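> The structure file structure38.txt (compact mmCIF, C-alpha atoms and all ligand atoms) is provided below.
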# COMPACT_ATOMS: atom_id res chain seq x y z
CA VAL A 3 214.41 -112.15 144.93
CA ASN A 4 211.34 -110.60 143.29
CA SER A 5 209.97 -110.26 139.78
CA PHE A 6 210.75 -106.54 139.20
CA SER A 7 212.91 -106.30 136.05
CA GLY A 8 214.90 -103.60 134.32
CA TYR A 9 215.09 -101.21 137.28
CA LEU A 10 218.02 -98.95 138.09
CA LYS A 11 219.02 -99.22 141.75
CA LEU A 12 219.15 -95.78 143.40
CA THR A 13 219.76 -96.77 147.03
CA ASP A 14 219.66 -99.81 149.28
CA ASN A 15 215.85 -99.86 148.98
CA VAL A 16 214.74 -97.57 146.10
CA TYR A 17 214.66 -98.63 142.43
CA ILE A 18 213.46 -96.71 139.34
CA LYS A 19 212.32 -97.49 135.80
CA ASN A 20 210.86 -95.66 132.79
CA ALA A 21 207.58 -97.54 132.61
CA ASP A 22 203.82 -97.20 132.43
CA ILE A 23 202.71 -98.20 135.93
CA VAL A 24 199.59 -99.81 134.47
CA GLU A 25 201.56 -102.04 132.13
CA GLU A 26 204.07 -102.78 134.87
CA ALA A 27 201.33 -103.79 137.28
CA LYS A 28 199.60 -106.03 134.75
CA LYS A 29 202.89 -107.85 134.13
CA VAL A 30 204.32 -108.12 137.65
CA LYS A 31 200.99 -108.46 139.61
CA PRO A 32 202.78 -106.99 142.65
CA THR A 33 201.48 -107.43 146.18
CA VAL A 34 200.95 -103.64 146.37
CA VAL A 35 200.49 -101.04 143.64
CA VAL A 36 200.32 -97.42 144.86
CA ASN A 37 197.69 -95.11 143.42
CA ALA A 38 198.18 -91.35 143.25
CA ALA A 39 194.81 -90.77 144.90
CA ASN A 40 192.87 -87.72 146.01
CA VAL A 41 190.90 -87.53 149.26
CA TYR A 42 187.62 -88.37 147.49
CA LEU A 43 189.10 -91.35 145.63
CA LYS A 44 187.82 -89.68 142.43
CA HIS A 45 190.10 -91.36 139.90
CA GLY A 46 189.68 -88.96 137.00
CA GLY A 47 193.11 -88.42 135.50
CA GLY A 48 196.81 -88.83 135.89
CA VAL A 49 197.97 -92.10 137.40
CA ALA A 50 194.61 -92.61 139.15
CA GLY A 51 192.58 -92.20 135.98
CA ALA A 52 194.86 -94.65 134.18
CA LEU A 53 194.80 -97.29 136.94
CA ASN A 54 191.02 -97.13 137.22
CA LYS A 55 190.52 -97.42 133.44
CA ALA A 56 192.64 -100.59 133.45
CA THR A 57 190.23 -102.08 136.06
CA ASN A 58 187.22 -101.34 133.80
CA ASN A 59 186.03 -98.84 136.49
CA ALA A 60 185.88 -101.51 139.23
CA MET A 61 188.40 -99.48 141.26
CA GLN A 62 186.02 -96.49 141.15
CA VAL A 63 183.00 -98.61 142.16
CA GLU A 64 184.89 -100.02 145.16
CA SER A 65 186.20 -96.55 146.02
CA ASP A 66 182.75 -94.92 146.01
CA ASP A 67 181.49 -97.42 148.52
CA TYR A 68 184.60 -96.91 150.66
CA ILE A 69 183.94 -93.14 150.74
CA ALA A 70 180.21 -93.61 151.38
CA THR A 71 181.10 -95.65 154.49
CA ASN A 72 184.23 -93.89 155.76
CA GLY A 73 184.30 -90.35 154.37
CA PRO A 74 187.28 -88.74 152.66
CA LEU A 75 190.91 -89.51 153.32
CA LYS A 76 193.33 -86.96 154.76
CA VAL A 77 195.95 -85.29 152.58
CA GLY A 78 199.04 -87.32 153.51
CA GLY A 79 196.89 -90.36 154.32
CA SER A 80 196.06 -93.64 152.63
CA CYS A 81 193.78 -96.64 152.54
CA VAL A 82 194.27 -100.20 151.34
CA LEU A 83 191.72 -101.49 148.85
CA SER A 84 191.66 -104.24 146.24
CA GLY A 85 194.26 -104.33 143.49
CA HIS A 86 191.65 -105.80 141.10
CA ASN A 87 193.31 -107.24 137.96
CA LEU A 88 196.52 -105.23 138.55
CA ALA A 89 197.88 -106.31 141.99
CA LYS A 90 196.70 -108.01 145.15
CA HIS A 91 196.22 -104.69 146.89
CA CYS A 92 196.07 -101.04 145.91
CA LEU A 93 197.47 -98.57 148.43
CA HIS A 94 195.65 -95.31 147.66
CA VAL A 95 197.98 -92.55 148.90
CA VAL A 96 197.07 -88.84 148.88
CA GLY A 97 200.04 -86.62 148.22
CA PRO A 98 199.48 -82.86 148.38
CA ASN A 99 198.17 -81.31 145.14
CA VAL A 100 200.14 -78.08 144.56
CA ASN A 101 197.50 -76.94 142.15
CA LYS A 102 195.15 -76.85 145.20
CA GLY A 103 197.58 -74.99 147.47
CA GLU A 104 198.22 -78.01 149.72
CA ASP A 105 201.30 -77.89 151.99
CA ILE A 106 204.21 -79.66 150.35
CA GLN A 107 205.59 -80.73 153.76
CA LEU A 108 202.71 -83.22 153.67
CA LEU A 109 204.65 -85.13 151.02
CA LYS A 110 206.81 -86.79 153.70
CA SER A 111 203.71 -87.92 155.61
CA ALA A 112 202.30 -89.34 152.36
CA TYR A 113 205.45 -91.40 151.70
CA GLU A 114 205.42 -92.70 155.31
CA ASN A 115 202.41 -94.83 154.31
CA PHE A 116 204.74 -96.87 152.11
CA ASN A 117 206.62 -98.12 155.20
CA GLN A 118 203.62 -100.27 156.17
CA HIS A 119 204.34 -102.51 153.13
CA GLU A 120 207.50 -104.55 152.56
CA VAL A 121 207.51 -104.14 148.75
CA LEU A 122 205.58 -101.73 146.50
CA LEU A 123 205.23 -100.63 142.88
CA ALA A 124 204.58 -96.87 142.97
CA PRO A 125 204.56 -93.56 141.10
CA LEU A 126 206.29 -90.47 142.40
CA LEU A 127 203.81 -88.89 144.80
CA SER A 128 202.57 -85.37 144.03
CA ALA A 129 204.22 -85.47 140.58
CA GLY A 130 202.40 -85.05 137.28
CA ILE A 131 199.07 -83.26 137.59
CA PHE A 132 199.58 -82.85 141.36
CA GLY A 133 202.04 -80.10 140.50
CA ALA A 134 205.09 -80.84 142.66
CA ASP A 135 208.67 -81.03 141.43
CA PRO A 136 209.36 -84.73 140.69
CA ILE A 137 213.04 -84.33 141.62
CA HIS A 138 211.94 -83.18 145.09
CA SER A 139 209.44 -86.04 145.29
CA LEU A 140 212.22 -88.54 144.55
CA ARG A 141 214.41 -86.97 147.26
CA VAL A 142 211.61 -87.23 149.85
CA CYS A 143 210.92 -90.81 148.75
CA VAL A 144 214.57 -91.82 149.25
CA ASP A 145 214.79 -90.03 152.59
CA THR A 146 211.47 -91.38 153.95
CA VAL A 147 210.69 -94.85 152.60
CA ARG A 148 212.64 -97.66 154.24
CA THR A 149 210.79 -100.55 152.58
CA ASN A 150 211.51 -101.73 149.02
CA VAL A 151 209.98 -99.38 146.48
CA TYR A 152 209.96 -99.82 142.69
CA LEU A 153 209.20 -96.44 141.09
CA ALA A 154 207.58 -96.30 137.65
CA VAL A 155 208.09 -93.03 135.77
CA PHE A 156 205.93 -92.71 132.66
CA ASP A 157 207.83 -89.92 130.91
CA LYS A 158 211.19 -90.97 129.44
CA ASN A 159 212.51 -87.40 129.42
CA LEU A 160 211.66 -87.04 133.11
CA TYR A 161 213.13 -90.48 133.93
CA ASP A 162 216.49 -89.51 132.39
CA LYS A 163 216.48 -86.19 134.28
CA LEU A 164 215.64 -87.94 137.58
CA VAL A 165 218.49 -90.44 137.17
CA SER A 166 221.03 -87.89 135.91
CA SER A 167 220.36 -85.44 138.72
CA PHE A 168 220.10 -88.00 141.53
CA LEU A 169 222.42 -87.40 144.47
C1 LIG B 201 205.09 -84.59 131.87
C2 LIG B 201 205.22 -84.63 133.39
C3 LIG B 201 205.57 -86.05 133.83
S1 LIG B 201 204.16 -87.15 133.54
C4 LIG B 201 204.57 -88.59 134.53
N1 LIG B 201 205.55 -89.43 134.33
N2 LIG B 201 205.50 -90.34 135.30
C5 LIG B 201 204.47 -90.03 136.11
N3 LIG B 201 203.80 -90.42 137.23
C6 LIG B 201 202.81 -89.52 137.40
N4 LIG B 201 202.85 -88.61 136.45
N5 LIG B 201 203.89 -88.95 135.65
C7 LIG B 201 206.34 -83.72 133.88
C8 LIG B 201 207.60 -83.79 133.31
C9 LIG B 201 208.61 -82.96 133.78
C10 LIG B 201 208.37 -82.07 134.81
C11 LIG B 201 207.11 -82.01 135.38
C12 LIG B 201 206.10 -82.84 134.92
Translate this file's structure into structure tokens.

Amino acid sequence: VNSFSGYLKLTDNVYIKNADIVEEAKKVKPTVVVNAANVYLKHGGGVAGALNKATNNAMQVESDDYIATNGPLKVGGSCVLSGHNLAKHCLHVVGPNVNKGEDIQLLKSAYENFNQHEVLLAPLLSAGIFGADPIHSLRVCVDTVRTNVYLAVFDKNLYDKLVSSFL
């Protein structure tokens, strides 16, 4: 039993809700919240910009030191950093950004990072401003992640379409 509430169960291990991931994190304080990161951990907009704002920019400060020490992530890769006031940990995962021409096959590799964590609160990778089809992202999520994932979808219209079209 865990504290995630109001989710629709899609599969054995994947759950979905129309929710603002920021507000969901602040309420649940999950062990792991997933950030829709880029390789530079520049958290400007989309999910990343919203998460970082909720930490009063502490996520960005921590991220800049991480990059100064380690260099950029790989597309499809991840790193674990602090969850600040939102979660114990933040798993920063880089899905491919279609508006940069990145190979969409890298989406499966990106979701594989989730399997290193037993339970996660997450957005749909590569959705939103990353330009991929969120229906496809949900399919890859279901077919790749074996651990327990609670997906927060900000847009109600999209949420209803994702549920109604789910196979
Ligand atoms: C408006 C955007 C969804 S914005 C959103 N909702 N949840 C999340 N997570 C990350 N971005 N995001 C959209 C709708 C329908 C087709 C494509 C794109």
> Would you mind listing what lies within 9 Å of residue 57 in chain A as a list in words, with only C-alpha atoms counted and same-chain residues fewer than 5 positions away left out?
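Final neighbour list, sorted by chain and number: residues 52, 62, 85, 86, 87 and 88 of chain A.
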> Calculated over only C-alpha atoms, which of the candidates A:40, A:161, A:124, A:54 has the smallest distance to residue 104 in chain A?
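Between A:40, A:161, A:124, A:54, the residue approaching residue 104 in chain A most closely is A:40.
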> At what distance in Å, to one decimal, does atom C4 of ligand LIG 201 (chain B) lie from CA of residue 95 in chain A?
16.3 Å
> Residues of chain A within 9 Å of ligand LIG 201 (chain B): nearest atom pair and distance (Å, one decimal) for each, counting only C-alpha atoms and all ligand atoms, sorted by chain and number, as a Markdown table?

| residue | atom | partner | partner_atom | distance |
| --- | --- | --- | --- | --- |
| A:20 | CA | B:LIG201 | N2 | 8.0 |
| A:21 | CA | B:LIG201 | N2 | 8.0 |
| A:22 | CA | B:LIG201 | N2 | 7.6 |
| A:23 | CA | B:LIG201 | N3 | 8.0 |
| A:38 | CA | B:LIG201 | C6 | 7.7 |
| A:48 | CA | B:LIG201 | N4 | 6.1 |
| A:49 | CA | B:LIG201 | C6 | 5.5 |
| A:50 | CA | B:LIG201 | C6 | 8.9 |
| A:124 | CA | B:LIG201 | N3 | 8.7 |
| A:125 | CA | B:LIG201 | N3 | 5.0 |
| A:126 | CA | B:LIG201 | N3 | 5.7 |
| A:127 | CA | B:LIG201 | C6 | 7.5 |
| A:128 | CA | B:LIG201 | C6 | 7.8 |
| A:129 | CA | B:LIG201 | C6 | 5.3 |
| A:130 | CA | B:LIG201 | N4 | 3.7 |
| A:131 | CA | B:LIG201 | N4 | 6.6 |
| A:132 | CA | B:LIG201 | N4 | 8.2 |
| A:133 | CA | B:LIG201 | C12 | 7.4 |
| A:134 | CA | B:LIG201 | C11 | 7.6 |
| A:135 | CA | B:LIG201 | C11 | 6.3 |
| A:136 | CA | B:LIG201 | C11 | 6.4 |
| A:137 | CA | B:LIG201 | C10 | 8.6 |
| A:153 | CA | B:LIG201 | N3 | 9.0 |
| A:154 | CA | B:LIG201 | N2 | 6.7 |
| A:155 | CA | B:LIG201 | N2 | 3.8 |
| A:156 | CA | B:LIG201 | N2 | 3.6 |
| A:157 | CA | B:LIG201 | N1 | 4.1 |
| A:158 | CA | B:LIG201 | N1 | 7.6 |
| A:159 | CA | B:LIG201 | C8 | 7.2 |
| A:160 | CA | B:LIG201 | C9 | 5.1 |
| A:161 | CA | B:LIG201 | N1 | 7.7 |
| A:163 | CA | B:LIG201 | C9 | 8.5 |
> Between A:142, A:41, A:106, A:122, which residue has the minimum interatomic distance to residue 27 in chain A, considering all atoms listed in the file?
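The answer is A:122, which sits nearest to residue 27 in chain A.
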> When distances are computed from only C-alpha atoms, which of A:118, A:84, A:167, A:5 shows the smallest separation from residue 37 in chain A?
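Looking at the shortest contact to residue 37 in chain A, the residue is A:84.
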> Report the distance between CA of residue 34 in chain A and CA of residue 51 in chain A in Å, rounded to one decimal place.
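Taking CA of residue 34 in chain A and CA of residue 51 in chain A, their separation equals 17.6 Å.
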> So, counting only C-alpha atoms, which residue among A:169, A:36, A:43, A:53 is closest to residue 113 in chain A?
A:36
> Given all atoms listed in the file as the basis, pick out the residue of A:32, A:13, A:8, A:144 nearest to residue 119 in chain A.
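Of all the options, A:32 lies closest to residue 119 in chain A.
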